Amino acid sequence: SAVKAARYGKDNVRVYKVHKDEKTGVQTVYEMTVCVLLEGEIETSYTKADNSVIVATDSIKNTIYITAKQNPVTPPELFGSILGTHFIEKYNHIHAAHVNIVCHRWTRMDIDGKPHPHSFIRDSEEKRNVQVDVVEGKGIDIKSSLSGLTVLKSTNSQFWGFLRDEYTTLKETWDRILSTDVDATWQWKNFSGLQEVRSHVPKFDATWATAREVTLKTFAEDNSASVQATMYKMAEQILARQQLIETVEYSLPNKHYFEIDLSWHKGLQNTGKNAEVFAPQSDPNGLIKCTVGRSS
């Protein structure tokens, strides 16, 4: 036998950082969960009990905290790039660092219509994420995403004209509920290293904001033919707005809301145009995925 692939490190490292403006009193907080996995000349830790090649996972955890102390933690694309670059530069035998960051929302509270200097609310479980792959001699591959953005529209969704055969029971509809949890990922052009990531820093927050705005406005305004057709419109608009993105990927559940026929009970009309009360379905769910890139 031989090791064909290996990576190891620390997962689920919770990190908070505060910035304090001593002049204004305004404080700003950042909270994330971090995973760092390393690759390199480590096969003998697996095959020969050679721990000399292991940077302990506990040490990786200490390094995450030290890196957060000494560097900006925002945008997360930069933090990830700094952290991954640290490992491949510090350790000769470490050749790749895989950094995953989940950013948790801490939105400043408005109290009596004024932003509060040091109080925050978790206004949803929506996340901003990065996957940063720092590979010695191959640069830095960044995927940026938003996830857990839960939305519903009560009309202006349709689904008709699909294939009908002996496996088909679904009725065509010209007016349904559409609800999803948005997972949207944009894949950056390969960066040569940390300097090139630093040169694009303003683009990270701006592209996240664009992706979010395009997703919400497209969902709200598209008279949707299908999840497929609506998600493609979001992806093509994000690509048009950031030339430094190669691809946009959506992964969208179709969280079904079923009509309830109540006609058995006193002739109550609760279907088609009279549909008022629905049964949200926990499972199963449609799952629709696309990766969109630029045409030849």
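Start at 1 and count along the sequence shown; that's the residue number.
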Next on the checklist: Which is higher on mean Cα B factor in this entry, 108-116 or 187-195?
Outcome noted: 108-116
Next on the checklist: On mean Cα temperature factor in this entry, is 17-25 or 268-276 the higher one?
Outcome noted: 17-25
Checklist entry - Which of these has the highest Cα B-factor in the record: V34, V227, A68, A49? => result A49
Item to check | Largest Cα B-factor, entry values, listed residues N100, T150, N223, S145 | outcome: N223
Checklist outcome for this item: Sorting the chain's modelled residues by C-alpha B-factor and splitting them into thirds places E126 in the lowest
Checklist entry - Lowest, middle or highest third: where is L239 by Cα B-factor in its chain? => result highest
Item to check | Chain-wide C-alpha B factor ranking for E43, given as lowest, middle or highest third | outcome: highest
Item to check | Ranked C-alpha temperature factor of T247 among modelled chain residues, by third | outcome: middle
Next on the checklist: Splitting the chain's C-alpha B-factors into thirds, which one does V201 fall into?
Outcome noted: highest
